[PDB]
Structure formats: C-alpha cells, structure tokens
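This document starts with two versions of one protein chain, written out as structure tokens and named structure 1 and structure 2.
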Structure 1
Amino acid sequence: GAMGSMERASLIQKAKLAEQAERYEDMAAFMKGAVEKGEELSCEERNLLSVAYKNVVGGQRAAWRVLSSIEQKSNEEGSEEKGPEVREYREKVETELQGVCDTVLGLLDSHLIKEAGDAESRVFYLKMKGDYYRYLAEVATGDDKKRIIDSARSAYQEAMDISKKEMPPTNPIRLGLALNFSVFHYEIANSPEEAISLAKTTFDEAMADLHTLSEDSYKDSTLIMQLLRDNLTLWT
C-alpha cells in the first residue's frame, strides 16, 4: 500500500483536508490507508470513509448512466452504426466502478465487519456492504447478477435485524439503512410494494419516537425522515 509509510493520524488529517478541497479520490485513498493500519475506526473515521467512497462511486454511477443511455439509443431502430466505441467506454467506466466497489467490500471483509461489535459500527458497515453490492447490481448483467442482488439483500437484512434490536427507531444510521434498503427493494429487487411499506413503517415509527430527542438529535432524525417522505411521494 502506497499509504503504508504514512502515520494513521496523518492519513485522517489529510482525508479531512481532501474533503475541504473536494478531492474525493484522494480522500478515499487516505481513508483506505487508515483502514489498512488495522485498528478499528471511530464514528468520525467511519463517516470519513463512507463520505469519500460515496462521492467517488457516485460520480462513476452518474457517468455510467450517461454512457448507458447513449448506448441504449445507439441500439434503437434507425440509429446509425457508430462502432464499438460507446460500448468500450461504458465498459471502461463500469470496470472502474466495479473496482471501487470491490475495494470497499474488501476493506469491509478485511477486517472491519468482523471486528465491529457495537451496533453503531456493525450496522454502519453492513449498510455499506449492502450499498456497494447494490452498486454492483446496478451494472450487473451476467450469470452472477442474482447472487450479487442476494449479497446486497443479505447484508441489508443483517443490518436491519441488528438495528431493530439495538437502536431506537430515530437513530440516523437505522433510518438511513431503511431508506437505502427501501430503494434496493424498489430499484433492484423489483419489489415496489416492499419498498413503500418499509419507507412508511420506518417513517411512522420514527415520528412516534421524536418526543424523546434533544433539539440536535431531532434535526438529525427529521432530515432522514424527510428523505423517506420524498421517496414515498415519488412512488405514490
């Protein structure tokens, strides 16, 4: 690892600088180096890791969607043959995206998840595992597509089971997990009714627990609740 010679604390410091500079590829490389030091990550460090890779893969997903749309149009009736270039370049971006997802999944498997015992860490990492398998599923078309989808489902389900046992219904990690698993149902698993049911039940159970929260916790929880409502409005 090219970060092997840099101190853990320096990698974290530079990840924060990279974020300020909107250098998310650098941020992700610094956080990968920090993970590879072998120590567990604090709450703040877990969120630096997730912010970095979410931004990187988010840009790759946006680019893949642009290219996939151009490719689809090139394959419509009446479209002029333009050669292999669109497919080739879509494949190049897709392969890079898969590489990023494989890198994140590799960090989770070696060895973040196995050392994560508290609900706030374990649910967070299992949510990430579901998310990155979901991004792989978005571009999957081959023999293993069903297994990729099932890997996402399994990770989300384990995270859900822990979150319901160990966290209050307003916990922002629990809420964001439910938001994303609901999107998995709608967009990946062809299960819009499950997606809607999950979003609605999550929202309603969070609403009922808001009375227990401080002003700052209330702000955090209601922010994610509004995203659940936004998706429900989109879907109904």
Structure 2
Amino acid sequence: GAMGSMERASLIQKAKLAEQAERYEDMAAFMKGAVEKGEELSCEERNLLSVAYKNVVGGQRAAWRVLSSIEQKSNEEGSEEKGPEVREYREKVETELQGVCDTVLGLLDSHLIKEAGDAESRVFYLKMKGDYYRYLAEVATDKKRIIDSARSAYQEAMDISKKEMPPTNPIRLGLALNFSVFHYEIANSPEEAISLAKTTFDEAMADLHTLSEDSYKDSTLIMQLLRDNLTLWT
C-alpha cells in the first residue's frame, strides 16, 4: 500500500495533523496505513480511525441523500423527464460510499476484530462493523442480508458491553444509541428502538454517580442524544 514505507508513528502523527486540518480523506488513509502495520491500536488510535472514516462516509451519505431526494422527485407524476444524469451521478456517489464502507469492513475483518480481546476494543470494533453495514443498508435495495449483518454485529457488541462495561461507559452508550437508530430507521422496529433507548438512558442515569470526570462530557452528550431521539420518537 501507498503508506507501506512510512513509520507507524509518523502515520499516527500525520493522522492527528490531518484531523486538525479537517483533511479526513488523508486522515483515513494514514490510519488505514497504521492499521496495516499489523499491531493492535490503542484507545486513542481507535478514536482516530473511527473519526476519520466517520467524516469521510458522513460527507458521502449527505451527498447521497441530496441526490436521492432529487432522483425520487424526478420520478413523481408530473415531473419532466431529464435523462439518466441524476441516476448516474447518484450511482457514482453510491459506489464511492460503498467502496469506503467495504474498506472499513475489510480492516475490521483483517484483523482488528480477530485480535481484539479487551472489551473496550472488541465492542468498539463490532460497533464500527454494525455502523458500516448500516451505512451500506441505507443505500441497498441484498438489503436484507446487509441488515442482518449489521444486526448481528451490533448484537454481539451489545452482549459484550452489558457483561463487561458499566452502563455509563461512552462506548457502551454510543453503541446503544446507534443500535436504537438502526432499529428505528433501518429495521422497521420503532418499538425496539424506543425500548432500547429508554432502558439505556434510565440505567445510565442510575450509574452517573460512578461516572468519571474524564468521560462525563462524552457520556452526557450521548445521553442527551438518546433523550433527543426519544423526544422525536414519542
């Protein structure tokens, strides 16, 4: 790979520079290079990996949604025929998005998840796996199998997190938030989504008297997003 000649520590240093410069494509490339050195990632390094690809795919998702919206209106009654360009360009963005998801999933499978034994790394990577199958599901039309893959990854992450992490652990909370969104937006299970978000919120509240000052802002933010969703859903 193009990063094969760069020191691991240099890749990490440049990923942090790319983050400061909001150069997320570069950041992802540097972190892919770091993963491919074959050593496990630290907590800080996992965060760099996730933020890089989250921002890359986030921009692709936002663009895909803009184009898909334009495409669907072009297929409403009364809409003037305009040729294949909207579909073509939506497909172009879609294919690029799928390629990024496939790249992330390949890294997780080679071999981050295999070597992750600690709960904090294993749940983190399985959550990522669920997240990127979910992003694939958003554009899939095939779709059932992708949805099943997302659910299986989220479920294994959930089982570990509940056995090995306190309720206010930010990774546990962020997994529950995203799995509840999966239920609501992807899997047509709004009641499961609401139940998961509420149980997660309530149990985190009762655990707050143990939560570290370190993690307070992360976990409070995610708790507020759980609350925001519940307000939106109920």
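Residue 1 is the first residue of structure 1, and the numbers go on in sequence order from there. Think of the rigid core as the biggest set of C-alphas that the two forms share within 1.5 Å after superposition.
Colleague: Just checking, between the two structures and with the core aligned, does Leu213 shift 2 Å or more at the CA?
Modeller: Superposed on the core, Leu213 moves its C-alpha 2 Å or more between the two structures.
Colleague: Quick one: how many Å does the C-alpha of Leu49 shift between the two structures once the rigid core is superposed?
Modeller: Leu49 C-alpha displacement between the two structures, core-aligned: 0.1 Å.
Colleague: What Cα shift, in Å, does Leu223 show between the two structures once the core is superposed?
Modeller: Its alpha carbon moves by 1.6 Å.
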